[PDB]
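As provided, query_8.json (JSON, C-alpha atoms) reads as follows.
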```
[["chain", "number", "residue", "atom", "x", "y", "z"],
["H", 1, "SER", "CA", 14.03, -36.27, -10.96],
["H", 2, "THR", "CA", 14.70, -32.74, -12.18],
["H", 3, "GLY", "CA", 13.73, -29.17, -11.33],
["H", 4, "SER", "CA", 13.64, -25.94, -13.31],
["H", 5, "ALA", "CA", 12.99, -22.47, -11.90],
["H", 6, "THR", "CA", 13.19, -18.97, -13.31],
["H", 7, "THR", "CA", 15.50, -16.52, -11.59],
["H", 8, "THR", "CA", 14.76, -12.78, -11.84],
["H", 9, "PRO", "CA", 16.95, -9.71, -11.23],
["H", 10, "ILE", "CA", 15.90, -7.76, -8.14],
["H", 11, "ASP", "CA", 16.48, -4.38, -9.78],
["H", 12, "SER", "CA", 17.55, -2.63, -12.97],
["H", 13, "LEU", "CA", 21.25, -3.22, -12.26],
["H", 14, "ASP", "CA", 21.10, -7.00, -11.74],
["H", 15, "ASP", "CA", 22.38, -6.49, -8.18],
["H", 16, "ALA", "CA", 21.12, -9.98, -7.32],
["H", 17, "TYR", "CA", 18.66, -12.57, -8.57],
["H", 18, "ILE", "CA", 15.69, -14.14, -6.79],
["H", 19, "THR", "CA", 14.15, -17.54, -7.38],
["H", 20, "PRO", "CA", 10.82, -18.70, -5.92],
["H", 21, "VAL", "CA", 11.09, -21.59, -3.45],
["H", 22, "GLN", "CA", 8.22, -23.54, -1.86],
["H", 23, "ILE", "CA", 8.69, -24.31, 1.84],
["H", 24, "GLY", "CA", 6.36, -26.31, 4.05],
["H", 25, "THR", "CA", 2.85, -27.72, 3.86],
["H", 26, "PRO", "CA", 0.80, -26.01, 2.58],
["H", 27, "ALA", "CA", 3.52, -24.34, 0.53],
["H", 28, "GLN", "CA", 4.87, -20.98, 1.62],
["H", 29, "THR", "CA", 6.62, -19.40, -1.38],
["H", 30, "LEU", "CA", 9.65, -17.25, -0.58],
["H", 31, "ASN", "CA", 11.96, -15.56, -3.08],
["H", 32, "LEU", "CA", 15.50, -16.66, -2.28],
["H", 33, "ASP", "CA", 18.92, -15.59, -3.49],
["H", 34, "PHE", "CA", 20.61, -18.75, -4.83],
["H", 35, "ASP", "CA", 24.24, -18.47, -3.73],
["H", 36, "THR", "CA", 26.92, -20.82, -5.03],
["H", 37, "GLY", "CA", 29.34, -19.11, -2.61],
["H", 38, "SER", "CA", 27.66, -20.27, 0.61],
["H", 39, "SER", "CA", 25.97, -23.33, 2.05],
["H", 40, "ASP", "CA", 23.09, -22.24, 4.30],
["H", 41, "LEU", "CA", 19.41, -22.12, 3.34],
["H", 42, "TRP", "CA", 18.07, -19.38, 5.61],
["H", 43, "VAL", "CA", 14.87, -17.39, 5.59],
["H", 44, "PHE", "CA", 13.16, -14.41, 7.09],
["H", 45, "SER", "CA", 10.61, -15.91, 9.46],
["H", 46, "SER", "CA", 8.01, -15.41, 12.14],
["H", 47, "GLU", "CA", 10.98, -15.55, 14.55],
["H", 48, "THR", "CA", 12.88, -12.65, 12.96],
["H", 49, "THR", "CA", 13.19, -9.59, 15.20],
["H", 50, "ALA", "CA", 10.24, -7.45, 14.09],
["H", 51, "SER", "CA", 12.25, -4.23, 13.64],
["H", 52, "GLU", "CA", 14.55, -6.10, 11.23],
["H", 53, "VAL", "CA", 11.73, -7.10, 8.87],
["H", 54, "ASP", "CA", 10.75, -4.52, 6.21],
["H", 55, "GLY", "CA", 8.65, -5.92, 3.39],
["H", 56, "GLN", "CA", 10.05, -9.45, 3.12],
["H", 57, "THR", "CA", 7.85, -12.49, 2.95],
["H", 58, "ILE", "CA", 8.35, -14.64, 6.02],
["H", 59, "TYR", "CA", 8.32, -18.38, 6.68],
["H", 60, "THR", "CA", 6.04, -19.31, 9.59],
["H", 61, "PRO", "CA", 6.94, -22.83, 10.71],
["H", 62, "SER", "CA", 3.92, -23.10, 13.03],
["H", 63, "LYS", "CA", 1.69, -22.95, 9.92],
["H", 64, "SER", "CA", 3.50, -25.86, 8.24],
["H", 65, "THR", "CA", 2.30, -29.35, 9.10],
["H", 66, "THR", "CA", 5.65, -30.81, 7.98],
["H", 67, "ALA", "CA", 7.92, -28.42, 9.94],
["H", 68, "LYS", "CA", 9.88, -29.84, 12.87],
["H", 69, "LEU", "CA", 12.25, -27.97, 15.17],
["H", 70, "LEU", "CA", 15.78, -29.33, 14.84],
["H", 71, "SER", "CA", 16.28, -29.33, 18.57],
["H", 72, "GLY", "CA", 19.36, -27.55, 19.84],
["H", 73, "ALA", "CA", 20.59, -26.45, 16.43],
["H", 74, "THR", "CA", 21.67, -22.88, 15.79],
["H", 75, "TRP", "CA", 23.36, -21.09, 12.91],
["H", 76, "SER", "CA", 25.26, -17.86, 12.34],
["H", 77, "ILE", "CA", 26.81, -16.63, 9.13],
["H", 78, "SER", "CA", 28.83, -13.66, 7.94],
["H", 79, "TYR", "CA", 29.22, -12.86, 4.26],
["H", 80, "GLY", "CA", 32.04, -11.26, 2.29],
["H", 81, "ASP", "CA", 30.16, -7.98, 2.06],
["H", 82, "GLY", "CA", 29.98, -7.67, 5.84],
["H", 83, "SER", "CA", 26.35, -8.71, 6.17],
["H", 84, "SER", "CA", 25.21, -11.40, 8.58],
["H", 85, "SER", "CA", 22.30, -13.36, 10.00],
["H", 86, "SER", "CA", 21.66, -16.01, 12.66],
["H", 87, "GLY", "CA", 18.95, -18.09, 14.27],
["H", 88, "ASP", "CA", 17.61, -21.59, 14.87],
["H", 89, "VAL", "CA", 16.67, -24.46, 12.56],
["H", 90, "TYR", "CA", 13.66, -26.42, 11.35],
["H", 91, "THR", "CA", 13.45, -29.30, 8.94],
["H", 92, "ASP", "CA", 10.71, -29.07, 6.33],
["H", 93, "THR", "CA", 9.81, -29.94, 2.76],
["H", 94, "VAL", "CA", 11.44, -27.63, 0.21],
["H", 95, "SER", "CA", 10.70, -27.56, -3.51],
["H", 96, "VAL", "CA", 12.47, -25.69, -6.29],
["H", 97, "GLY", "CA", 10.98, -25.69, -9.77],
["H", 98, "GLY", "CA", 9.17, -28.98, -9.17],
["H", 99, "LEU", "CA", 12.08, -30.76, -7.42],
["H", 100, "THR", "CA", 11.22, -31.69, -3.83],
["H", 101, "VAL", "CA", 13.49, -32.45, -0.88],
["H", 102, "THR", "CA", 11.98, -33.70, 2.37],
["H", 103, "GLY", "CA", 13.77, -33.05, 5.66],
["H", 104, "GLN", "CA", 15.71, -30.05, 4.34],
["H", 105, "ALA", "CA", 17.28, -27.85, 7.01],
["H", 106, "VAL", "CA", 15.53, -24.48, 6.86],
["H", 107, "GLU", "CA", 17.46, -21.99, 8.95],
["H", 108, "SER", "CA", 15.07, -19.50, 10.54],
["H", 109, "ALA", "CA", 16.53, -16.05, 11.13],
["H", 110, "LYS", "CA", 16.15, -14.50, 14.55],
["H", 111, "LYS", "CA", 18.48, -11.65, 13.56],
["H", 112, "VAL", "CA", 19.59, -10.18, 10.23],
["H", 113, "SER", "CA", 21.94, -7.28, 9.52],
["H", 114, "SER", "CA", 20.79, -3.98, 8.07],
["H", 115, "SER", "CA", 21.64, -4.81, 4.45],
["H", 116, "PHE", "CA", 19.17, -7.70, 4.54],
["H", 117, "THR", "CA", 16.43, -5.65, 6.22],
["H", 118, "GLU", "CA", 16.88, -2.88, 3.66],
["H", 119, "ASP", "CA", 16.41, -5.24, 0.74],
["H", 120, "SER", "CA", 12.70, -5.97, 0.63],
["H", 121, "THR", "CA", 13.02, -8.23, -2.42],
["H", 122, "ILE", "CA", 15.19, -10.98, -0.87],
["H", 123, "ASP", "CA", 13.42, -13.32, 1.57],
["H", 124, "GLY", "CA", 16.56, -15.37, 2.34],
["H", 125, "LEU", "CA", 19.40, -17.30, 0.76],
["H", 126, "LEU", "CA", 19.69, -20.80, -0.68],
["H", 127, "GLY", "CA", 23.31, -21.93, -0.52],
["H", 128, "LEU", "CA", 24.75, -24.07, -3.29],
["H", 129, "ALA", "CA", 28.43, -24.29, -2.30],
["H", 130, "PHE", "CA", 29.73, -27.45, -0.60],
["H", 131, "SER", "CA", 28.04, -28.61, 2.59],
["H", 132, "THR", "CA", 31.36, -28.40, 4.48],
["H", 133, "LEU", "CA", 30.69, -24.63, 4.73],
["H", 134, "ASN", "CA", 27.26, -25.02, 6.34],
["H", 135, "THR", "CA", 27.17, -23.14, 9.66],
["H", 136, "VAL", "CA", 24.62, -25.19, 11.63],
["H", 137, "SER", "CA", 25.90, -26.28, 15.04],
["H", 138, "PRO", "CA", 26.33, -28.76, 16.63],
["H", 139, "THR", "CA", 25.27, -30.93, 13.67],
["H", 140, "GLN", "CA", 26.25, -29.52, 10.28],
["H", 141, "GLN", "CA", 23.48, -29.70, 7.67],
["H", 142, "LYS", "CA", 23.41, -30.44, 3.95],
["H", 143, "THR", "CA", 22.53, -28.05, 1.14],
["H", 144, "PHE", "CA", 19.41, -28.47, -0.97],
["H", 145, "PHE", "CA", 21.56, -29.74, -3.84],
["H", 146, "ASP", "CA", 23.43, -32.22, -1.64],
["H", 147, "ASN", "CA", 20.11, -33.60, -0.35],
["H", 148, "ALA", "CA", 18.59, -33.78, -3.86],
["H", 149, "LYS", "CA", 21.63, -35.19, -5.63],
["H", 150, "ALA", "CA", 21.01, -38.91, -5.37],
["H", 151, "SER", "CA", 17.48, -38.49, -6.74],
["H", 152, "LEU", "CA", 18.51, -36.32, -9.70],
["H", 153, "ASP", "CA", 18.74, -37.74, -13.21],
["H", 154, "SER", "CA", 22.32, -36.37, -13.28],
["H", 155, "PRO", "CA", 24.17, -34.90, -10.25],
["H", 156, "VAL", "CA", 24.33, -31.37, -11.64],
["H", 157, "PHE", "CA", 22.74, -27.98, -11.52],
["H", 158, "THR", "CA", 23.08, -25.15, -14.02],
["H", 159, "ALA", "CA", 23.01, -21.37, -13.75],
["H", 160, "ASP", "CA", 21.83, -19.36, -16.74],
["H", 161, "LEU", "CA", 21.63, -15.79, -15.45],
["H", 162, "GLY", "CA", 20.22, -13.04, -17.63],
["H", 163, "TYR", "CA", 21.56, -9.58, -18.37],
["H", 164, "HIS", "CA", 18.77, -7.22, -17.35],
["H", 165, "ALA", "CA", 16.39, -10.18, -17.90],
["H", 166, "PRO", "CA", 15.20, -13.37, -16.20],
["H", 167, "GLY", "CA", 17.18, -16.59, -16.46],
["H", 168, "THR", "CA", 17.04, -20.16, -15.18],
["H", 169, "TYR", "CA", 18.36, -22.53, -12.54],
["H", 170, "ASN", "CA", 18.00, -26.18, -13.56],
["H", 171, "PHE", "CA", 18.61, -29.21, -11.36],
["H", 172, "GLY", "CA", 19.41, -32.68, -12.64],
["H", 173, "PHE", "CA", 19.80, -32.02, -16.38],
["H", 174, "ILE", "CA", 21.67, -29.93, -18.93],
["H", 175, "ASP", "CA", 19.37, -28.03, -21.31],
["H", 176, "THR", "CA", 21.22, -28.41, -24.60],
["H", 177, "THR", "CA", 19.05, -25.67, -26.15],
["H", 178, "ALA", "CA", 20.24, -23.05, -23.64],
["H", 179, "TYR", "CA", 23.78, -22.48, -24.96],
["H", 180, "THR", "CA", 25.72, -22.21, -28.20],
["H", 181, "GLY", "CA", 28.72, -24.30, -29.21],
["H", 182, "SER", "CA", 30.14, -26.74, -26.67],
["H", 183, "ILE", "CA", 30.55, -26.74, -22.90],
["H", 184, "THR", "CA", 34.17, -26.61, -21.70],
["H", 185, "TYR", "CA", 34.73, -28.34, -18.38],
["H", 186, "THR", "CA", 37.46, -27.39, -15.94],
["H", 187, "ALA", "CA", 38.74, -28.79, -12.64],
["H", 188, "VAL", "CA", 37.36, -27.76, -9.25],
["H", 189, "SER", "CA", 39.04, -27.68, -5.86],
["H", 190, "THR", "CA", 36.65, -28.17, -2.96],
["H", 191, "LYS", "CA", 39.37, -27.53, -0.36],
["H", 192, "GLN", "CA", 37.86, -24.20, 0.71],
["H", 193, "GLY", "CA", 34.25, -25.38, 0.27],
["H", 194, "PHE", "CA", 33.72, -23.32, -2.91],
["H", 195, "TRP", "CA", 33.34, -24.04, -6.61],
["H", 196, "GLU", "CA", 36.96, -22.99, -6.99],
["H", 197, "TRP", "CA", 38.62, -23.22, -10.40],
["H", 198, "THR", "CA", 41.47, -21.68, -12.42],
["H", 199, "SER", "CA", 40.85, -19.44, -15.40],
["H", 200, "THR", "CA", 43.48, -19.61, -18.12],
["H", 201, "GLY", "CA", 43.70, -15.84, -18.73],
["H", 202, "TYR", "CA", 42.01, -12.74, -20.03],
["H", 203, "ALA", "CA", 41.71, -10.12, -22.73],
["H", 204, "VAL", "CA", 40.50, -6.52, -22.66],
["H", 205, "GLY", "CA", 38.30, -5.47, -25.57],
["H", 206, "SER", "CA", 39.84, -6.48, -28.89],
["H", 207, "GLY", "CA", 43.27, -6.85, -27.26],
["H", 208, "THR", "CA", 45.49, -9.90, -27.27],
["H", 209, "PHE", "CA", 44.76, -12.70, -24.83],
["H", 210, "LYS", "CA", 47.08, -12.89, -21.83],
["H", 211, "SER", "CA", 47.70, -16.47, -20.72],
["H", 212, "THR", "CA", 47.87, -16.49, -16.95],
["H", 213, "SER", "CA", 46.34, -18.68, -14.23],
["H", 214, "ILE", "CA", 43.66, -16.95, -12.15],
["H", 215, "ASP", "CA", 42.28, -19.03, -9.30],
["H", 216, "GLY", "CA", 38.81, -17.97, -8.21],
["H", 217, "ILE", "CA", 35.31, -19.05, -7.27],
["H", 218, "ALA", "CA", 32.10, -19.25, -9.28],
["H", 219, "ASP", "CA", 29.76, -17.28, -7.00],
["H", 220, "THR", "CA", 26.20, -16.49, -8.03],
["H", 221, "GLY", "CA", 25.68, -14.61, -4.76],
["H", 222, "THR", "CA", 28.29, -11.95, -5.57],
["H", 223, "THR", "CA", 27.24, -9.20, -7.97],
["H", 224, "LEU", "CA", 30.58, -8.17, -9.48],
["H", 225, "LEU", "CA", 33.74, -9.67, -10.96],
["H", 226, "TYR", "CA", 36.68, -9.40, -8.52],
["H", 227, "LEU", "CA", 40.11, -10.05, -10.03],
["H", 228, "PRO", "CA", 43.77, -9.32, -9.25],
["H", 229, "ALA", "CA", 44.74, -5.66, -9.21],
["H", 230, "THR", "CA", 47.02, -6.08, -12.23],
["H", 231, "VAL", "CA", 44.17, -7.43, -14.38],
["H", 232, "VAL", "CA", 41.68, -4.81, -13.18],
["H", 233, "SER", "CA", 44.13, -1.95, -13.80],
["H", 234, "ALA", "CA", 44.72, -3.23, -17.34],
["H", 235, "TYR", "CA", 40.95, -3.21, -17.97],
["H", 236, "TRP", "CA", 40.21, 0.28, -16.62],
["H", 237, "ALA", "CA", 43.27, 1.78, -18.35],
["H", 238, "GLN", "CA", 41.27, 1.33, -21.57],
["H", 239, "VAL", "CA", 38.46, 3.63, -20.33],
["H", 240, "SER", "CA", 39.18, 7.37, -20.56],
["H", 241, "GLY", "CA", 38.74, 9.00, -17.18],
["H", 242, "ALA", "CA", 38.37, 5.79, -15.18],
["H", 243, "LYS", "CA", 40.04, 5.77, -11.78],
["H", 244, "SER", "CA", 40.04, 3.94, -8.49],
["H", 245, "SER", "CA", 38.25, 5.98, -5.85],
["H", 246, "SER", "CA", 38.96, 5.17, -2.21],
["H", 247, "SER", "CA", 35.99, 7.35, -1.21],
["H", 248, "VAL", "CA", 33.55, 5.45, -3.41],
["H", 249, "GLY", "CA", 35.15, 2.04, -2.78],
["H", 250, "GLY", "CA", 36.44, 1.00, -6.19],
["H", 251, "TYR", "CA", 36.86, 1.86, -9.82],
["H", 252, "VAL", "CA", 34.52, 4.47, -11.24],
["H", 253, "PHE", "CA", 34.26, 5.76, -14.77],
["H", 254, "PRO", "CA", 32.52, 8.57, -16.66],
["H", 255, "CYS", "CA", 28.93, 7.67, -17.42],
["H", 256, "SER", "CA", 29.57, 8.98, -20.97],
["H", 257, "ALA", "CA", 32.01, 6.14, -21.65],
["H", 258, "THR", "CA", 31.55, 3.15, -23.91],
["H", 259, "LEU", "CA", 33.05, 0.21, -21.99],
["H", 260, "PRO", "CA", 35.20, -2.44, -23.65],
["H", 261, "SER", "CA", 34.37, -6.12, -23.31],
["H", 262, "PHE", "CA", 36.32, -8.43, -21.02],
["H", 263, "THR", "CA", 37.21, -12.00, -21.98],
["H", 264, "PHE", "CA", 38.13, -14.77, -19.57],
["H", 265, "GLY", "CA", 39.60, -18.15, -20.39],
["H", 266, "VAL", "CA", 38.14, -21.54, -19.55],
["H", 267, "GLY", "CA", 40.74, -24.02, -20.71],
["H", 268, "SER", "CA", 41.21, -23.25, -24.41],
["H", 269, "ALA", "CA", 37.73, -21.68, -24.57],
["H", 270, "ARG", "CA", 36.83, -18.03, -24.10],
["H", 271, "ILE", "CA", 33.83, -16.31, -22.48],
["H", 272, "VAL", "CA", 33.21, -12.72, -23.56],
["H", 273, "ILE", "CA", 31.59, -10.30, -21.13],
["H", 274, "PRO", "CA", 30.11, -7.41, -23.17],
["H", 275, "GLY", "CA", 31.06, -3.93, -22.02],
["H", 276, "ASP", "CA", 27.49, -3.08, -21.06],
["H", 277, "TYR", "CA", 27.53, -5.87, -18.44],
["H", 278, "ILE", "CA", 30.30, -3.96, -16.64],
["H", 279, "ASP", "CA", 28.20, -0.79, -16.14],
["H", 280, "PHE", "CA", 26.65, -0.51, -12.66],
["H", 281, "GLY", "CA", 25.35, 2.98, -13.18],
["H", 282, "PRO", "CA", 25.65, 6.25, -11.27],
["H", 283, "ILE", "CA", 27.39, 6.05, -7.91],
["H", 284, "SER", "CA", 24.53, 8.11, -6.46],
["H", 285, "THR", "CA", 21.33, 9.29, -8.07],
["H", 286, "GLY", "CA", 22.02, 11.86, -10.79],
["H", 287, "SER", "CA", 25.81, 11.49, -10.70],
["H", 288, "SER", "CA", 27.83, 11.36, -13.91],
["H", 289, "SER", "CA", 30.33, 9.02, -12.22],
["H", 290, "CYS", "CA", 29.42, 5.38, -12.76],
["H", 291, "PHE", "CA", 30.46, 2.32, -10.75],
["H", 292, "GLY", "CA", 32.48, -0.38, -12.47],
["H", 293, "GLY", "CA", 31.52, -4.04, -12.61],
["H", 294, "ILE", "CA", 35.13, -5.30, -12.54],
["H", 295, "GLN", "CA", 36.86, -4.55, -9.24],
["H", 296, "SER", "CA", 40.05, -5.55, -7.47],
["H", 297, "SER", "CA", 40.06, -8.63, -5.25],
["H", 298, "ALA", "CA", 43.08, -7.31, -3.34],
["H", 299, "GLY", "CA", 42.27, -7.65, 0.34],
["H", 300, "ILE", "CA", 39.35, -10.04, -0.24],
["H", 301, "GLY", "CA", 41.82, -12.89, -0.31],
["H", 302, "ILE", "CA", 40.14, -14.65, -3.22],
["H", 303, "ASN", "CA", 39.14, -13.86, -6.79],
["H", 304, "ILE", "CA", 35.40, -14.01, -7.40],
["H", 305, "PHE", "CA", 33.67, -14.79, -10.69],
["H", 306, "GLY", "CA", 30.41, -13.20, -9.65],
["H", 307, "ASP", "CA", 27.28, -12.43, -11.63],
["H", 308, "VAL", "CA", 29.02, -10.06, -14.07],
["H", 309, "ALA", "CA", 31.06, -13.00, -15.34],
["H", 310, "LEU", "CA", 28.57, -15.82, -14.86],
["H", 311, "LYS", "CA", 25.70, -14.11, -16.69],
["H", 312, "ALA", "CA", 27.83, -14.10, -19.87],
["H", 313, "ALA", "CA", 27.80, -17.92, -19.80],
["H", 314, "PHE", "CA", 25.75, -21.05, -19.35],
["H", 315, "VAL", "CA", 27.40, -22.58, -16.26],
["H", 316, "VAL", "CA", 27.32, -26.23, -15.20],
["H", 317, "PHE", "CA", 27.96, -27.06, -11.54],
["H", 318, "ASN", "CA", 28.83, -30.75, -11.81],
["H", 319, "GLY", "CA", 28.49, -32.44, -8.43],
["H", 320, "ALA", "CA", 29.74, -35.84, -9.50],
["H", 321, "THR", "CA", 32.14, -37.71, -7.19],
["H", 322, "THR", "CA", 34.90, -35.49, -8.58],
["H", 323, "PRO", "CA", 33.19, -32.13, -9.09],
["H", 324, "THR", "CA", 33.89, -29.95, -12.13],
["H", 325, "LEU", "CA", 32.60, -26.70, -13.65],
["H", 326, "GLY", "CA", 31.45, -26.24, -17.23],
["H", 327, "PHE", "CA", 31.13, -23.01, -19.20],
["H", 328, "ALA", "CA", 29.48, -22.38, -22.56],
["H", 329, "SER", "CA", 28.72, -19.23, -24.50],
["H", 330, "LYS", "CA", 25.04, -18.47, -25.08]]
```
In structure tokens, write the structure found in this file.
Amino acid sequence: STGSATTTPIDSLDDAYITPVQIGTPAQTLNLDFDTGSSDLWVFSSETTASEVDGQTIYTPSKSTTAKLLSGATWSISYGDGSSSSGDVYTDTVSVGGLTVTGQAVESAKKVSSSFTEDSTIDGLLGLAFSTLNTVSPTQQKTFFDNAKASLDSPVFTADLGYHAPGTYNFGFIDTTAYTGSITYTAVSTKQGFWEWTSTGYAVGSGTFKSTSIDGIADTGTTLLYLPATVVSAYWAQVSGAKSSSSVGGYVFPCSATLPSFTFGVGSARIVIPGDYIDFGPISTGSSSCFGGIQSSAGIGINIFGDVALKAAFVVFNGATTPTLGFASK
């Protein structure tokens, strides 16, 4: 089997992407944030504290003839940005782009933090990291991909995120029309439960490539590119007036600037992030200070190849017995 679904930016900045997901019988379609940095499929629901729901579409398990309470199971998750959610668990039928999993754990939120409430466009998350990170207790649950894998034509999914445009998540096949040149594959460590890999270096604009190993995670659920302070300083030094602002929470730059590109290495291959992808616009409405899309990972504890990086590539998440990651230009 295979599946193919369009993923759409939630706003004009590509802050996140939403993908429609069918849950239950008859189908209830919710728009979920596919997150290769976590491993829980959770939704706003009829159980979510009413004051914490503001415009989201909810899953109502009592209206699904295939929903079953997973008795005794609870979940609770905290994300790198400080947001969180928790609740109980149902199993139900879940379909993405025509690919159906029966008995998928659907984690129903009883509580969500303010950032989730305030984002009316995201109805929940669909985790695509390794199932070892799943938070359900006392019986850990599998991700949608893990459940689908054996049925797929090939044990892979691909992320093809757009810049200010829709893109695609495919399951079970590689669309050879969706990228240019060849796909370069690179090793993955699953030790921390992430799609963790090592970039071979970087360049700033038309500058020379610096060969250096940068360990990080491919994370579709993180907006920006978080890299070591040395690398980030070298990038922003090429933008007149750019500076790190403790008050704003990162590097800012004059909105009048033209940003240089940023290149990262994948083995001997190179992925070029155009300068425009690194512009996250005014820090506040009407400001002439703009927020940068490359930020320091210092104090996160891990480097993160978030959407800024991933949307410059066609990315293969290869879930074979020994997982790997592939990157192609597009």
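For the residues H:263, H:220, H:253, H:322, ranking by smallest atom-to-atom distance to residue 290 in chain H using all atoms listed in the file places H:253 first.
The closest residue to residue 82 in chain H, picked from H:221, H:49, H:115, H:104 and counting only C-alpha atoms, is H:115.
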Near residue 315 in chain H, within 8 Å and counting all atoms listed in the file, which residues show up once chain neighbours fewer than 3 positions away are dropped, as an NGL selection string?
:H and (158-160 or 310 or 325-328)
For residue 3 in chain H, please output as a PyMOL selection string all residues within 10 Å (counting all atoms listed in the file; exclusion window: fewer than 5 positions along the same chain).
chain H and resi 95-100+152+157+169-173
Test item: residues at most 12 Å from residue 244 in chain H, all atoms listed in the file, excluding those fewer than 4 positions along its chain, as a short mmCIF file (atom, residue, chain, number, x, y, z; two decimals) with C-alpha atoms, in the frame of the given file:
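Writing done, so here's result_27.cif:
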```
data_model
loop_
_atom_site.label_atom_id
_atom_site.label_comp_id
_atom_site.auth_asym_id
_atom_site.auth_seq_id
_atom_site.Cartn_x
_atom_site.Cartn_y
_atom_site.Cartn_z
CA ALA H 229 44.74 -5.66 -9.21
CA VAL H 232 41.68 -4.81 -13.18
CA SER H 233 44.13 -1.95 -13.80
CA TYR H 235 40.95 -3.21 -17.97
CA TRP H 236 40.21 0.28 -16.62
CA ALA H 237 43.27 1.78 -18.35
CA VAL H 239 38.46 3.63 -20.33
CA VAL H 248 33.55 5.45 -3.41
CA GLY H 249 35.15 2.04 -2.78
CA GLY H 250 36.44 1.00 -6.19
CA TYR H 251 36.86 1.86 -9.82
CA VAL H 252 34.52 4.47 -11.24
CA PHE H 253 34.26 5.76 -14.77
CA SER H 289 30.33 9.02 -12.22
CA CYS H 290 29.42 5.38 -12.76
CA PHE H 291 30.46 2.32 -10.75
CA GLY H 292 32.48 -0.38 -12.47
CA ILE H 294 35.13 -5.30 -12.54
CA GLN H 295 36.86 -4.55 -9.24
CA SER H 296 40.05 -5.55 -7.47
#
```
Of the candidates H:267, H:241, H:181, H:87, which one gets nearest to residue 137 in chain H if we count only C-alpha atoms?
H:87
How close does range 140-166 of chain H get to range 276-284 of chain H? List, as a Markdown table, each residue of range 140-166 of chain H within 12 Å, its nearest atom pair and the distance in Å to one decimal, counting only C-alpha atoms.
```
| residue | atom | partner | partner_atom | distance |
| --- | --- | --- | --- | --- |
| H:161 | CA | H:277 | CA | 11.9 |
| H:162 | CA | H:277 | CA | 10.3 |
| H:163 | CA | H:277 | CA | 7.0 |
| H:164 | CA | H:277 | CA | 8.9 |
| H:165 | CA | H:277 | CA | 12.0 |
```
Residue nearest residue 273 in chain H - candidates H:219, H:118, H:175, H:307, atoms counted: only C-alpha atoms
H:307
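When CA of residue 16 in chain H is paired with CA of residue 34 in chain H, their separation reads 9.1 Å.
If you measure from each of H:112, H:231, H:203, H:21 to residue 144 in chain H using only C-alpha atoms, the closest one turns out to be H:21.
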If you count only C-alpha atoms, which residues fall within 9 Å of range 44-47 of chain H, apart from same-chain ones fewer than 2 positions away, as a count of residues only?
23
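Considering the residues H:242, H:272, H:77, H:23 and counting all atoms listed in the file, residue 256 in chain H has its shortest atom-to-atom contact with H:242.
Taking CA of residue 298 in chain H and CA of residue 228 in chain H as endpoints, the distance between them is 6.3 Å.
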Find the spatial neighbours of residue 33 in chain H, counting only C-alpha atoms, within a cut-off of 6 Å - ignore same-chain residues fewer than 3 positions away - and output them as number ranges by chain.
H: 17-18, 125-126
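Take CA of residue 156 in chain H and CA of residue 321 in chain H: the distance between them is 11.0 Å.
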Ref. answer, residues at most 7 Å from (14.6, -21.4, -15.2) with only C-alpha atoms, as JSON, numbers by chain
{"H": [4, 5, 6, 7, 167, 168, 169, 170]}
Grab the residues selected above and save them as a compact mmCIF listing (two decimals), keeping the file's coordinate frame with C-alpha atoms.
```txt
# COMPACT_ATOMS: atom_id res chain seq x y z
CA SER H 4 13.64 -25.94 -13.31
CA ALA H 5 12.99 -22.47 -11.90
CA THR H 6 13.19 -18.97 -13.31
CA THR H 7 15.50 -16.52 -11.59
CA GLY H 167 17.18 -16.59 -16.46
CA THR H 168 17.04 -20.16 -15.18
CA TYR H 169 18.36 -22.53 -12.54
CA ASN H 170 18.00 -26.18 -13.56
```
For range 263-266 of chain H, take all atoms listed in the file, fit an axis-aligned box around them, add 5 Å to each of the six sides, then output centre and edge lengths in Å rounded to one decimal, as JSON.
```
{"center_x": 38.4, "center_y": -16.8, "center_z": -20.8, "size_x": 12.4, "size_y": 19.5, "size_z": 12.4}
```
